[PDB]
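Quick note on numbering: mature numbering (1 follows the signal peptide of the UniProt record, and there is no 0) labels position 67 of the sequence shown as 67, and the sequence is numbered without any gaps. Here the structure is laid out as C-alpha cells; the discussion comes afterwards.
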Amino acid sequence: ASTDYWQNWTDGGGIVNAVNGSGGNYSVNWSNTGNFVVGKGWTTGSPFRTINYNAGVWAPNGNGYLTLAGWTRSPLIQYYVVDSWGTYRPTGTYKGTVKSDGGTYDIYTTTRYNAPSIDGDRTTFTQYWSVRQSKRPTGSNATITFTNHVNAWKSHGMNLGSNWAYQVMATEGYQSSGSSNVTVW
Ligand SMILES: [Zn+2]
Numbered sequence: 001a002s003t004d005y006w007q008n009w010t011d012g013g014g015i016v017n018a019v020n021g022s023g024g025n026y027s028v029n030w031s032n033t034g035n036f037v038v039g040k041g042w043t044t045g046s047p048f049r050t051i052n053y054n055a056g057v058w059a060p061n062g063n064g065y066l067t068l069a070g071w072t073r074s075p076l077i078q079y080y081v082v083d084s085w086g087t088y089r090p091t092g093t094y095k096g097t098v099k100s101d102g103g104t105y106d107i108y109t110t111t112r113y114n115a116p117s118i119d120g121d122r123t124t125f126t127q128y129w130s131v132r133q134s135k136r137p138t139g140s141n142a143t144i145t146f147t148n149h150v151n152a153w154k155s156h157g158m159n160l161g162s163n164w165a166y167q168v169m170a171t172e173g174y175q176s177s178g179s180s181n182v183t184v185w
C-alpha cells in the first residue's frame with residue numbers, strides 16, 4: 001500500500017519548514033530547532049511491513065536521525081530503525097544486534113519521562129531502537145524489512161503493544177539545522 005500518513009510535528013523551537021510533496025516524497029529544511037519529527041508512511045503500522053525509501057538529500061548539521069519511527073499503544077511504545085544520523089548516534093541500554101537489509105544494527109531500550117508522545121505533551125513511555133552500526137549510504141533505493149527488527153526485539157524481551165499507530169520514514173531532529181529530501185513507499 002502506498003503512503004497515507006503525513007507526519008509533521010515540532011515542539012515549536014526554531015524553524016521546521018516541511019513540504020508534503022507528491023506521492024511519497026517530502027522535504028524538510030530546518031534551523032536551530034528544538035525537537036521535531038517529519039515524515040511519510042502509514043496511519044496504521046504493521047509488524048510485517050517492508051518500508052522502501054530513497055533519501056535523495058541527507059544533510060543534517062547537528063543531531064538529526066533518518067529513521068523509521070512509529071508507535072503502538074497498549075502499551076505505549078515508540079520504536080525506531082535508525083539508518084543514518086548527524087552528530088549523534090542514539091544509544092541506550094544495550095540488548096543485542098540484528099542483521100537486516102545489508103546492515104547490522106545494535107538494539108537498545110530507553111525510557112522517556114514527561115515527554116511528548118501520541119498521547120500527550122507530558123507522558124512516560126519506553127522506546128525500542130535498532131540503530132545501524134554505521135551510517136547507511138543514501139541516495140539509492142533502500143529497504144527496511146521491519147519484521148526482522150520486530151522478531152529480534154521480541155527475542156530480547158521487547159514486545160510491542162497491540163494497537164498500532166503511525167509508522168513513517170522520518171527526519172527527526174533536536175538542537176540542529178539541516179536539509180532532507182526523502183521518498184517513501
Ligand atoms: Zn539477539
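All residues carry an ideal CB built from backbone N, CA and C; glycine is no exception.
Cβ-based burial, residue i [other Cβ within 10 Å; buried from 16]
i: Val19; result: exposed
i: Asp83; result: buried
i: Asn17; result: exposed
i: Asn181; result: buried
i: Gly173; result: buried
i: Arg49; result: buried
i: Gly64; result: buried
i: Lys95; result: buried
i: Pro60; result: buried
i: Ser74; result: exposed
i: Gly120; result: exposed
i: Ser2; result: exposed
Proximity below 8 angstroms, CB of residue i to CB of residue j
i: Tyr80; j: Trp6; result: no
i: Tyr113; j: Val131; result: no
i: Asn54; j: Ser140; result: yes
i: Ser179; j: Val98; result: no
i: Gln133; j: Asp106; result: yes
i: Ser177; j: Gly62; result: yes
For residue j and residue i, the rounded distance between their alpha carbons
i: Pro90; j: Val37; result: 15 angstroms
i: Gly34; j: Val168; result: 20 angstroms
i: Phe125; j: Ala165; result: 14 angstroms
i: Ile144; j: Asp101; result: 6 angstroms
i: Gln127; j: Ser22; result: 31 angstroms
i: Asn8; j: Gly39; result: 7 angstroms
i: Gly41; j: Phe146; result: 13 angstroms
i: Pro47; j: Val150; result: 6 angstroms
i: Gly45; j: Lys135; result: 24 angstroms
i: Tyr88; j: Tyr26; result: 23 angstroms
i: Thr183; j: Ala142; result: 10 angstroms
Cβ separation of residue i and residue j, assumed to be a contact under 8 angstroms, to the nearest whole Å
i: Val28; j: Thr171; result: 5 angstroms
i: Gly70; j: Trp185; result: Between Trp185 and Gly70 the Cβ distance is about 16 angstroms, and since that is not below 8 angstroms, they are no contact.
i: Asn32; j: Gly12; result: About 12 angstroms separates the two Cβ atoms, so there is no contact after all.
i: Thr72; j: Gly161; result: 3 angstroms
i: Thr43; j: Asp4; result: 5 angstroms
i: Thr104; j: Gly92; result: Going by Cβ atoms, the distance from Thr104 to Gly92 rounds to 17 angstroms, so no, they are not a contact pair.
i: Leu76; j: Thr123; result: 7 angstroms
* To do: Write down every uninterrupted run of the alpha helix (DSSP H) in the stretch 50-116 whose length is 4 residues or greater and which is fully enclosed by it, in chain order.
  => none
* Within the stretch 131-177, note down every full alpha helix (DSSP H) run reaching 4 residues or more, in order along the chain. => Taking only runs of at least 4 residues, the alpha helix (DSSP H) segments lying wholly in the stretch 131-177 are 146-155.
* Would you list, in sequence order, the uninterrupted beta strand (DSSP E) runs of no fewer than 3 residues that lie entirely inside the stretch 23-47? => 25-31, 35-42
* Can you pull every residue whose C-beta falls closer than 6 angstroms to some heavy atom of ligand 3, listed in chain order? -> This structure lacks ligand 3; its bound ligands are ligand 1.
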